Amino acid sequence: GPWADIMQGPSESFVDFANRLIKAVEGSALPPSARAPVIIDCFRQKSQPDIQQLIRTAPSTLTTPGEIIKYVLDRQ
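A chain's residues are numbered here from 1, following its sequence as written, a convention that may not match the entry; residues for which no coordinates exist are omitted. Side-chain figures throughout are based on the complete set of non-hydrogen atoms in the structure, without hydrogens or water.

As recorded in the PDB header, X-ray crystallography is the method behind this entry, and the stated resolution is 2.00 Å.

Per the PDB entry, the protein goes by Gag polyprotein and derives from Rous sarcoma virus.

If you want it as structure tokens, here you go:
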């Protein structure tokens, strides 16, 4: 899938990567209920190492892409 190769550049902001990623997922053939967990997983696995390490500190109660986005942005 198109979204599957998207990775955050070492010079790219997290929110720019998130926006690209989400656009690719929304435009893909994934069914609607698969989008959010795919997005979350890509945030966790495909962001820059420092961001991956920040995301993994988030409480398990943060479950939506929007919650992770704000978690990351609010800590920059």
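So that's the structure; there's more coming.
Caption draft 1: Structural detail: the packing of aromatic side chains. Only the six-membered ring of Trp is used, alongside the rings of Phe and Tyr, when aromatic pairs are assigned; centres must lie within 6.5 Å, and planes under 30 degrees apart are stacked while those over 60 apart are edge-to-face, with the rest tilted. Summed over the entire model, instances satisfying the criterion amount to 3 aromatic pairs. When the ring of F14 is compared with that of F43, the centres are 5.2 Å apart and the planes differ by 70°; the resulting orientation is edge-to-face. In this pair, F14 sits in helix α1 (residues 14-26) while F43 sits in helix α2 (residues 32-46), placing the two residues 29 residues apart along the sequence. The pair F14 / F43 is uniform in exposure class, with both members buried. Summarising the aromatic geometry, the rings of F17 and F43 are spaced 6.3 Å apart at their centres and angled 55° between planes, so their arrangement reads as tilted. Secondary structure elements are taken from DSSP: a helix is a run of H or I of four residues or more, a strand is a run of E of two residues or more, and numbering for both begins at the N terminus. Partly exposed residues are those whose accessible area sits between 20% and 50% of the maximum for their type, while under 20% is buried and over 50% is exposed, using a 1.4 Å probe and protein chains only.

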